[PDB]
Structures are given as C-alpha cells and as structure tokens.
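What follows is a single structure, written as structure tokens, with notes after it.
Each reported figure results from applying straightforward, stated rules to the coordinates on display, with no laboratory input. A quick note on method: Cβ atoms are made from the backbone with ideal geometry, for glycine too, and the neighbour counts reach across all protein chains shown.
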Amino acid sequence: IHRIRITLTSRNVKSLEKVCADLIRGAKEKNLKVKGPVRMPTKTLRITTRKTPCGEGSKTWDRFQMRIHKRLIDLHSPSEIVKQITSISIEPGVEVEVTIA
Amino acid sequence: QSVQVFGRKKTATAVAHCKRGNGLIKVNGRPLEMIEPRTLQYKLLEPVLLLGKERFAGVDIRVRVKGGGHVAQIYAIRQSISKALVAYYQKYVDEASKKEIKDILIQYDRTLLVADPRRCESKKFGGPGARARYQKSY
Amino acid sequence: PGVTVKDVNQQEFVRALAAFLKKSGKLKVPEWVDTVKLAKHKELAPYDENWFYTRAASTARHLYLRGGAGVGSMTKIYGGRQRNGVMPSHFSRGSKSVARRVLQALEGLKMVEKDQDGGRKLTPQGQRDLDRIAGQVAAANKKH
Amino acid sequence: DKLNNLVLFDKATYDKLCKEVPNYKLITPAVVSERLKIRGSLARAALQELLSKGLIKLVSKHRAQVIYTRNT
Amino acid sequence: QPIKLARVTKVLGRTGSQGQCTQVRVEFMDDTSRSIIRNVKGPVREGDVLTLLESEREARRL
Amino acid sequence: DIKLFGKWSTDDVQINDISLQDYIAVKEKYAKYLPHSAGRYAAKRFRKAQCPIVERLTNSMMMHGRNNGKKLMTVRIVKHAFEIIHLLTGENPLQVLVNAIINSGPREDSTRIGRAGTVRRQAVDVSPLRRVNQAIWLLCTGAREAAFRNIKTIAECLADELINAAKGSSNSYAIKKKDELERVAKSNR
Amino acid sequence: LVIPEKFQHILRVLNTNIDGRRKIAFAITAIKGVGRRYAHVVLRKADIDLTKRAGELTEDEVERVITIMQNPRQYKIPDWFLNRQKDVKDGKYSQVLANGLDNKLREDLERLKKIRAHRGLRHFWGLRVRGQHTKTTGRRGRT
RNA sequence: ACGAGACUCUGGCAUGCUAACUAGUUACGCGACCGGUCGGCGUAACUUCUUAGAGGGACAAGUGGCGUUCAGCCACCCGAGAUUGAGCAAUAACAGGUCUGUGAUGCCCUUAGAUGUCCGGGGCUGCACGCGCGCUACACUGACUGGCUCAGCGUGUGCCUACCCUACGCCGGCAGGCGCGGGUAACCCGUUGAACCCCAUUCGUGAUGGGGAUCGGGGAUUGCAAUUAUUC
C-alpha cells in the first residue's frame with residue numbers, strides 16, 4: 001500500500017498550520033489525492049510547582065501548562081514524492097513521524 | 001431526517017432524531033416512561049402534555065444521549081425533544097399554533113429551548129475548593 | 001411490532017430472567033459458596049440465600065448489552081464504597097472469584113459462548129431465551 | 001444505653017393491634033408504633049404479613065415511607 | 001392592636017450598624033394621603049404591601 | 001393542566017393577604033409539575049420570589065452537610081408528606097401550605113439600630129421575602145429536630161409541624177418561634 | 001418449627017447469664033466468636049426461615065447452633081473463619097469458650113521480655129499495637 | 001506616561017465555513033413481531049452528534065425610572081451570553097524564610113583527624129496534657145442484602161529505568177504464575193459499562209447492624225533487609 005501518513009506534532013498552532021498549508025499545497029502542486037489535516041486532541045500537560053524554594057509564606061504555586069498540537073496528513077502517494085515536497089525548510093519545533101503501511 | 005440542533009445541559013447532550021413514524025418517543029433503547037433515576041419521568045412528560053399529547057400524529061422521535069450525570073442528561077433530553085418539535089413544526093406546518101405553543105411553554109419555563117450556559121468552574125489552589133479557603137491559624 | 005428487549009422495567013426484567021433460571025434448574029453451585037469473604041466493600045453476609053442466581057441473571061443481562069466483554073468488568077460493577085472507618089471511603093473492587101464462578105456456571109450452557117478475541121458473547125439460543133423472558137414481563141401488564 | 005423492648009409473642013400483636021389499626025385512618029409503621037405502643041420493626045413485619053393477607057390498599061413503598069390506606 | 005396596610009413608595013436609604021435595615025417611605029392604602037418612615041428589615045421591593053401592627057412608628061431619623 | 005406532581009390541584013389556592021401573591025406564589029406560571037428545576041433564581045435579586053415555593057421547600061428541608069447534593073431525595077421526600085397531607089387533613093396540601101406561610105410569616109423583629117450606641121435593640125418590620133425565609137427556616141429546624149434521633153420518620157414530623165403551624169396553633173415550634181419574635185419585638189420597642 | 005412461645009433470656013455457655021432480647025441472626029452474637037457474618041452465614045445455610053424473632057427461638061434451633069459452633073466442619077468451614085486458627089503454645093485449632101483457658105493464651109508479656117522482644121514489652125505497658133506514633137498529640141487517658 | 005484597563009486562553013450560540021479511515025446517528029435481509037428494535041451491529045457513509053481551525057457574535061447596543069441630567073446606577077424585552085475564572089500586576093522596600101535547593105558564595109572548626117562519601121547492619125520510627133490545617137461519626141433526609149446503571153482533566157513498556165497501563169484459559173475469596181498480545185498512543189484497555197444517588201434485606205433508639213476505634217493467627221506481589229501484623 002502507498003498511503004503515507006505524516007504524524008506531525010508541534011507546540012505552536014500557527015507554525016503547525018503553516019507547515020500543514022505548505023505541505024498540502026506541495027501535494028496540491030502535484031497530482032496527489034489527499035485527505036484534509038486530521039487534528040488529534042492536543043495534549044495539555046500540567047505541572048503545578050511550589051514557588052518558594054524553601055517552604056515559607058502563603059501556599060503559592062505556578063501552573064506550567066504544555067500544549068502539544070498534533071495533525072496527521074495521510075496522502076495516497078509513494079513516500080518519495082512526499083520527501084521531495086519535504087525539503088522546504090520545515091519550521092523548527094515541528095517534528096514529523098513517518099508511517100508507511 | 002436530521003433536523004437536530006443540539007439541546008444541552010451541563011456537559012451532557014442529547015440528539016433528537018425525528019421522522020414520520022408511530023408517535024412513540026424512544027431514549028436509547030428505552031421508553032421515556034422508564035429512566036434510571038425513576039424520578040424525573042414527569043420532567044420528561046412535561047413538554048408533551050403541556051403543549052398537548054394530541055400533537056404527535058405519527059412522528060417517531062429517537063433521542064440518543066451522551067454525557068455525565070443522569071439529571072444532567074434530563075433538561076437536555078426534553079430540550080432535544082422540544083427542539084425536534086420546533087424543527088418539525090417550522091419545516092412545513094404553520095406558525096400561529098407554533099407561536100401559541102411556544103408562548104405557552106415559554107411562560108411555563110425557559111429551559112425547554114435555550115440552553116443553560118452554566119458550567120463547573122476550576123478550583124483555585126491554596127484552598128479546599130474554588131472559593132473556599134483553609135482555616136486561619138491563630 | 002412484537003416485544004423489544006428493553007421496553008419493560010429492567011428490575012423486574014432481571015427478576016424474570018432469574019425466575020427463568022430457577023425454573024430451569026440447570027445451573028451448578030460449587031462447595032465454596034458460603035465459606036468465602038465474597039466481597040470487599042460489603043460489610044455483611046448475604047441474607048437472601050439466592051445471590052448466585054441473581055448474579056447469573058445480572059451477568060447474562062449485561063452480556064446481552066455488552067459485546068466482547070468478559071471477566072473482570074462485572075466485578076467493577078459489583079464493587080463499591082469501601083469504608084475503612086477513620087480513613088475516607090474509596091471505591092473498591094467487588095469479588096472477582098464470585099463473578100468468575102458464576103460465569104463458569106453459566107459457561108457452556110448455550111447462554112454464554114467464548115469469542116475469539118477475548119471476553120465472551122451470547123449464543124442465539126441465549127438471546128432467544130432472554131427475549132422470551134422480556135416478552136413474558138411485557139405481556140404480564142405492558143402488552144395488555 | 002439500655003436496649004429493652006417487647007420481643008414476646010402475646011396478646012399485643014393480634015389483639016388491640018389488628019383491632020385498632022384497621023379502625024384508624026392513617027396507618028404507618030411509625031404511626032402504628034406510636035399510637036399502639038408497639039415496636040416499629042414488628043409493626044413493619046406485621047404490616048407486611050397482613051398485606052400478604054390482603055387487607056389494605058398500598059399507594060407506594062419505601063424504606064421509611066410505605067403508604068397504606070384502608071381498603072376493606 | 002389594630003392592623004392597617006402600608007406599601008412602599010420611596011426607598012430612602014439603608015440604615016443599621018452593619019446595613020441591617022432599610023429606611024423606607026410607606027403610604028397607607030386605606031388613606032392614600034400619609035407618608036411615614038420605617039426601618040423595614042429584609043429585601044424590600046418598591047411597591048410591596050405588608051400587614052403591620054404599627055401605624056405611627058418612627059426610628060432614628062437623619 | 002398544571003397540577004402538582006400530577007395529583008395535587010393548583011387551581012384552588014387563596015393567599016388572602018390582599019397583595020402578597022407576588023412574594024408567595026404556587027399558582028404562578030413558574031409553578032411546574034415538579035419542584036425540581038435546578039438552581040437558577042439565587043443568582044439575581046427579587047428573582048428568588050419567582051421561584052415556585054415547592055422548590056424553596058424541597059431545598060429548605062435540604063441542608064446540614066449530610067443532605068447537600070441529594071436533591072432527588074428531597075423531591076421524593078416532598079412527594080412523601082404531600083400525599084400524606086392529602087389524607088391527614090383531607091384537603092389540598094397547597095391550602096395548608098399557604099395558611100402556614102401566611103401565619104408563621106413574621107412581621108415584627110428586633111435588631112440593633114444606631115450609629116453610636118450598642119445598649120439595646122429597636123423594632124423593625126421584616127419584609128415578606130425575609131419573613132418567608134425565616135419562617136421556612138424555623139419549620140425546617142423543627143422538622144429536623146422533631147425526627148432527630150427519634151423513632152418518628154420524615155414526612156410525619158414535618159407533617160405534624162406543618163399542620164399545627166398552618167391552623168395558627170401555638171403548639172407548633174415554628175409558631176412558638178413566631179410568638180417569641182413578636183414578644184421580643186414588644187420588649188425592645 | 002414455628003411456635004409463638006419460646007422466648008427465654010439465657011443461653012447456656014458455662015451456666016452464666018447473657019442477654020436474650022436481640023432478634024435472630026443477632027441473638028447469637030452473645031458468643032465471643034459467633035456473630036457478625038459468622039452467625040449470619042450459619043443461619044443463612046441452616047435451611048430455616050430467617051424472619052423468625054426472639055420469641056420463636058426454639059430449643060432445636062439452639063441445639064443445632066451449639067453443635068455447629070462446636071466444630072466448624074458441619075458445612076466444611078475452615079478454622080481461620082473462627083477467631084482462633086492453630087493456637088499458640090499448643091497444637092490445637094479451635095477457639096475455647098468460657099474464661100480462664102482462651103484468655104490464658106492471650107497473656108503474652110513475659111516470655112517475649114525474656115528474649116527482650118519489642119512486642120512483649122509493648123503489650124507489657126499497654127501501648128499501641130497498630131503502631132500509632134506518639135509525639136505529643138493525643139486526647140485519651142488522663143485529660 | 002507606568003499600573004488599572006486594555007491583552008491572552010478561554011466557560012458559554014457556530015444550526016454558516018475549510019473536515020477525519022485514532023469521531024460519529026438513519027436507504028435491503030445477519031439470532032426475533034401483523035411495519036417497530038441491538039456498543040458482536042445490515043449492504044451502504046455526512047459533518048447535525050465528540051476533537052481542533054478561520055471568521056462572526058455582546059456594545060450598557062435597545063426601552064423605562066433616577067442622576068450636578070453628565071459620568072454613571074437600578075428595572076425590562078430580545079439574545080447562548082447584559083459581572084465566566086485565572087496567569088501576567090507599578091514606583092520603591094524589607095535587616096520576613098531559604099547558606100539543610102543549588103558545580104552561585106565571606107577570616108573560625110575543616111590543614112586529609114574528610115558529620116553521608118566504595119561497603120552501609122539503629123536515628124525527626126520516643127509518653128502525662130493546652131482550642132496547630134484536617135479525618136470518619138454521633139444517626140431513620142440514614143450505614144445498611146442488591147436491583148438498575150451516567151462521568152471529566154488526565155497518567156501510561158524506559159539514558160547505570162526490573163518497575164507502565166493492562167483485553168482471556170486454568171487456578172486461587174485476599175495479592176498473583178504462563179501464554180496468545182493491545183498501547184506510543186482518540187488506534188490498547190475506554191463506551192474511564194465504573195464510582196455519589198435511583199432506596200425490594202434483618203434495621204426502631206441501641207453498645208447489635210450509626211461509632212473496625214482499641215485482640216492472635218494465615219495466603220503472600222512489586223521489596224536481599226516490613227523488627228512499631230509499617231503498606232495487598
């Protein structure tokens with residue numbers, strides 16, 4: 001089968017959407033039937049940390065939250081074409097997992 | 001046909017599929033006369049007998065429910081039924097009696113059409129609850 | 001239109017499936033059924049002498065509702081409030097052995113069949129018996 | 001403290017109980033226990049037994065609210 | 001202990017040590033010509049009617 | 001029809017307070033088949049009076065850190081004693097309820113009044129809203145203490161207190177509280 | 001079987017007197033080991049109706065209950081379900097009724113002090129067995 | 001001008017719009033009723049039903065009563081919404097705690113006689129009592145046989161990291177042995193079937209069933225080392 005799946009994950013929604021638009025245009029630059037970007041639920045990671053290094057004062061905490069936004073682009077094409085589209089200076093912080101089955 | 005327009009309360013929701021059927025209202029494989037709490041059945045028969053049991057003349061309404069809490073599902077299941085009745089009565093048939101029944105159930109209450117925007121707030125640290133704080137030490 | 005499985009109060013429906021069970025006289029009861037603790041969150045011994053048959057009825061009814069669901073899931077349904085006195089009460093699992101024994105009791109009697117990806121399903125004979133029971137309770141008052 | 005109540009079967013559950021509960025208009029295990037000097041637990045047990053005999057009209061049942069009224 | 005009617009027409013203000021009462025102006029319906037002042041306790045709506053033991057009472061006035 | 005619980009008629013109530021039906025209402029269009037509509041009136045002001053008073057009851061005999069979060073139990077327990085007053089007095093429970101709300105409802109209270117003194121109290125008029133609030137509070141306090149640790153169950157202690165407060169009988173704990181309020185109003189002019 | 005008049009205040013253990021006001025499945029809690037779910041299960045499998053009360057407590061009931069509490073293997077009940085499994089200082093497996101024989105086993109304070117064991121010294125002063133840490137906090141004992 | 005406000009995520013209407021095969025209800029039989037009803041699901045499949053995108057929307061904008069008639073305040077109809085909650089928070093300062101947080105650090109004991117450092121066998125693991133955050137309750141709005149059945153953030157097999165969740169057969173009440181596998185993840189548990197409640201069981205004013213808070217034995221899984229049955 002030639003259905004190549006890009007599991008692309010990044011911390012920024014705007015950079016993620018720019019990557020997705022560029023990738024889907026590069027697919028749209030060629031003759032490749034594609035599906036729309038599939039947005040899996042963003043992982044919200046919570047870390048609640050006491051602020052004072054030594055326990056003193058009012059009970060105060062910081063709440064660091066990590067938003068991880070993940071799109072999938074599965075296109076009906078050999079992975080070589082997708083790699084040809086890939087060399088476009090991918091946005092930093094956007095990681096790509098390649099799925100071939 | 002799917003003229004469903006939500007019908008919600010808290011985080012639980014109902015979708016009222018409506019068609020030209022038998023006039024029997026179904027709630028996920030069980031009749032509205034038999035619901036798990038065994039206590040809010042009147043809250044479910046309120047809309048139909050308030051507007052009139054005679055209105056249903058061959059309309060099959062299946063509501064599918066999903067969300068947390070039984071009573072939270074109610075006030076939305078019945079809201080979904082009222083929404084489906086509104087959609088059916090707006091699609092083809094007149095509006096004068098539609099406005100009549102709408103005025104009657106609006107003066108009856110407000111939670112039959114418009115959803116309650118309320119929701120459970122977060123809890124703030126430094127206390128047992130969102131607004132409650134711990135006891136002062138002297 | 002006939003009779004559907006869920007159109008009669010489910011409490012009396014499980015009671016009627018239990019009644020079918022104790023008029024059938026088919027099941028088997030082992031000899032460790034009163035010497036065990038049989039529960040974690042239940043603090044008193046059963047006073048009904050017949051909890052095995054009602055357990056079988058509940059298991060069969062849940063079996064119709066759930067496909068591919070096997071041992072270990074009903075014991076979470078049978079678990080509940082475990083109070084430790086001063087300790088705040090928690091949710092504790094019920095008795096896995098009781099559920100497994102009642103399952104093996106119903107297992108192989110054409111009510112419960114073994115699937116091929118894990119868990120269990122019901123045979124058409126068991127479904128027909130359950131539907132006949134549901135029709136019985138419906139015709140008791142709801143179909144007349 | 002001290003648990004001491006009537007646990008004896010004598011002319012208190014049949015006589016003056018089956019002869020004074022039917023003649024009253026409100027019948028409750030608490031009402032029967034209070035107005036007829038009887039134990040509420042045995043009041044419930046005897047009310048269940050006489051309901052099995054079939055000499056009352058039941059509206060609804062609960063752990064603390066079993067609603068009876070005169071029928072015959 | 002005669003009892004007559006009184007209904008609110010002007011909420012003069014809030015009184016009390018910690019906002020206990022409302023100094024309010026009330027007219028007697030049976031006479032519709034007299035206005036008196038009362039430190040009424042509780043949430044008061046402009047136009048509510050209450051049955052009263054008193055028909056001449058006054059409180060601290062400023 | 002809009003009868004309460006589908007069994008108690010609502011077209012029979014008479015408040016007989018000339019003009020008080022806007023602050024004690026069971027006939028109003030907000031009065032529904034059940035007293036359960038979830039809390040929406042407490043947010044704003046003078047909207048609490050728009051509540052169907054059946055709801056105010058089922059939430060006022062709903063307190064004390066052991067009941068909060070158990071409103072379906074309160075609705076079951078009001079169905080109980082509604083069908084019990086249906087037989088005890090042989091009349092609609094709404095009539096005895098309005099009688100209780102019209103008699104137990106206080107008029108005179110005593111409060112600290114002044115900007116510079118703390119010696120004594122002054123008589124004050126309790127508004128209809130606060131009067132129904134504290135009257136229902138006294139009723140519920142009695143009904144809790146009347147079945148507290150007692151063999152008497154709910155829906156009968158509440159029932160007894162309601163009936164002997166609705167007729168104006170001073171034997172009621174709520175009516176004795178009303179008399180105490182009136183007498184302390186007398187003794188602090 | 002069923003009889004309106006069998007209510008007696010005393011059950012026989014060692015000719016001592018007990019209470020007889022409690023109902024069935026609760027009147028045999030007067031025995032040290034019997035009670036809780038033990039009495040519940042013996043009455044449950046005793047093949048009798050449990051709706052009976054204190055007044056309908058027959059002598060045949062009491063005799064069968066005494067026999068069933070003598071040895072647990074009437075319905076194949078293991079010994080650990082009783083308060084005493086294999087005994088200490090003797091190779092028995094049963095709980096003994098009355099006083100002066102079972103309570104003799106419980107006195108466990110001297111011999112562990114011979115080996116300077118902590119358990120015996122802890123039970124010597126009447127301290128805590130569950131291990132309740134004691135620093136200053138506690139509101140029982142002297143006030 | 002800084003701060004407040006504004007800002008941003010949002011809670012809350014997207015029936016309009018890009019759009020899923022890790023999402024989901026309806027065109028023909030799969031085991032039943034002369035037309036109705038399944039989370040083993042029927043061939044067929046549309047974004048309404050969950051996620052996550054752009055734009056829109058709410059402004060004291062509309063009416064009425066007050067107001068130095070202004071800034072504003074109070075009522076009312078529509079409307080999802082007429083005060084959703086929090087992080088950012090000034091100038092300037094403390095002799096408030098932290099040198100027992102730190103491979104950021106100041107004369108004294110420390111100059112190898114090195115308050116743990118390789119190995120590691122006790123220590124903040126003590127009993128007479130004072131309102132230090134809190135814990136299950138004192139009961140019949142209820143613990144209690146069990147009937148029915150509704151959750152949302154999450155956390156999840158891995159650098160001197162076994163051990164993480166965890167779908168069945170056999171056994172074993174109690175924890176757990178091997179396997180076919182399911183999981184880098186909305187694919188696997190999951191439809192968190194859950195859990196509070198939905199009141200058919202002895203219960204009745206108690207020392208028993210509110211109140212395991214006070215005894216000795218035994219199976220044992222991560223733990224060479226549970227000695228104060230520490231924890232199943």
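Of note:
- Chain D: relative contact order in percent, alpha carbon pairs under 8 Å with at least 6 residues between: 27 percent
- Here the gap between F:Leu87 and F:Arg40, fully extended at 0.36 nm per residue and compared with their Cα-Cα distance, gives a gain of 13.6 nm.
- Descending semi-axes in Å of chain F, equivalent ellipsoid built from Cα gyration tensor: 28, 19, 17
- Normalised by the number of residues in chain A, the mean separation of alpha-carbon contacts (under 8 Å, six or more apart) gives a relative contact order of 51 percent.
- C-alpha long axis of helix F:157-166 to longest principal axis of chain F, angle in °: 60 degrees
- Close amide H partners of B:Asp60, meaning residues 5 or more places away or on another chain with modelled amide H under 5 Å apart, are B:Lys19, B:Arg20, B:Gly21, B:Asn22, B:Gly23.
- For the residues of E:54-62, the average number of beta carbons from a partner chain within 10 Å of their own beta carbon is 3.
- When the trypsin sites (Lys or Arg not before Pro) in segment C:1-68 are filtered for DSSP coil states and for at most 13 other beta-carbon atoms within 10 Å of their beta-carbon, the remaining sites are C:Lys26, C:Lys28, C:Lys37.
- Inter-label distance, C:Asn141 to B:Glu33: 1.0 nm, where each label sits 7 Å from its Cα along the C-beta direction.
- With a Förster radius of 25 Å applied to the C-beta separation of C:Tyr47 and G:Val2, the computed FRET efficiency comes to 0.85.
- Placing dummy labels 7 Å off each Cα toward the beta-carbon, the span from D:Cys18 to B:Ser2 is 6.7 nm.
- Mean separation of Cα contacts under 8 Å (6+ apart) over length of chain B, as relative contact order %: 32 percent
- When the Cα gyration tensor is reduced to axis lengths a ≥ b ≥ c, the ratio a/c is 1.5 or higher for segment G:1-78, and with a/b not above b/c it is classed as oblate.
- Only helical runs count toward this figure. For chain C, summing -39,500 (n - 2.57) over DSSP H runs of n ≥ 4 and dividing by all residues gives -12500 deg cm²/dmol at 222 nm.
- Label zone of G:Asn83 (point 7 Å out along Cα→Cβ, amide N under 16 Å): in segment G:97-141 this covers G:97-108.
- Exposure proxy ranking for A:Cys54, D:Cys18, F:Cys157, based on other Cβ atoms within 10 angstrom of each Cβ and starting from the fewest, stands as A:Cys54, D:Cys18, F:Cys157.
- Label zone at B:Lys91 (point 7 Å along Cα-to-Cβ), backbone N below 18 Å, segment B:52-68: B:55-64
- With R₀ set to 51 Å, the beta-carbon distance separating F:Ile18 from A:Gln65 gives a calculated FRET efficiency near 0.25.
- Computed per residue of chain B from DSSP H runs no shorter than four, each worth -39500 (n - 2.57), the mean residue ellipticity at 222 nm is -9500 deg cm²/dmol.
- Overall shape: rounded for the protein assembly as shown, with the ratio a/c of the largest to smallest alpha carbon gyration tensor axis below 1.5.
- Cβ-derived FRET efficiency at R0 35 Å, G:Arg116 paired with G:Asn71, nearest 0.05: 0.30
- Prolate/oblate/rounded label for segment C:72-144 (Cα gyration tensor, a/c 1.5): oblate
- Residues within the reach of a label modelled at D:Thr69 (point 7 angstrom out along Cα to beta-carbon, backbone nitrogen below 16 Å), restricted to segment F:84-112, are F:84-94.
- Inter-site label distance for G:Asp60 and D:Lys61 at 7 Å from Cα along Cβ, in nm: 3.0 nm
- The mean number of Cβ atoms from other chains found within 10 Å of a Cβ in peptide F:29-38 is 5, as a whole number.
- Span-like helix ranges in chain B, DSSP H, alpha carbon extent 24 angstrom or more, Kyte mean at least 0.0: none
- Counted as membrane-span-like here are DSSP H helices of chain C whose alpha-carbon atoms extend 30 Å or more along the helix's own axis and whose Kyte-Doolittle mean is -1.0 or above; there are none.
- Given chain C, longest segment not containing exposed loop GluC sites (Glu not before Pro) (DSSP; at most 11 other Cβ within 10 Å): C:44-144
- Annotation for segment C:106-144: trypsin sites (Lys or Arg not before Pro) lying in DSSP loop with at most 15 further Cβ atoms inside 10 Å of their Cβ are C:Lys110, C:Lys114, C:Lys143.
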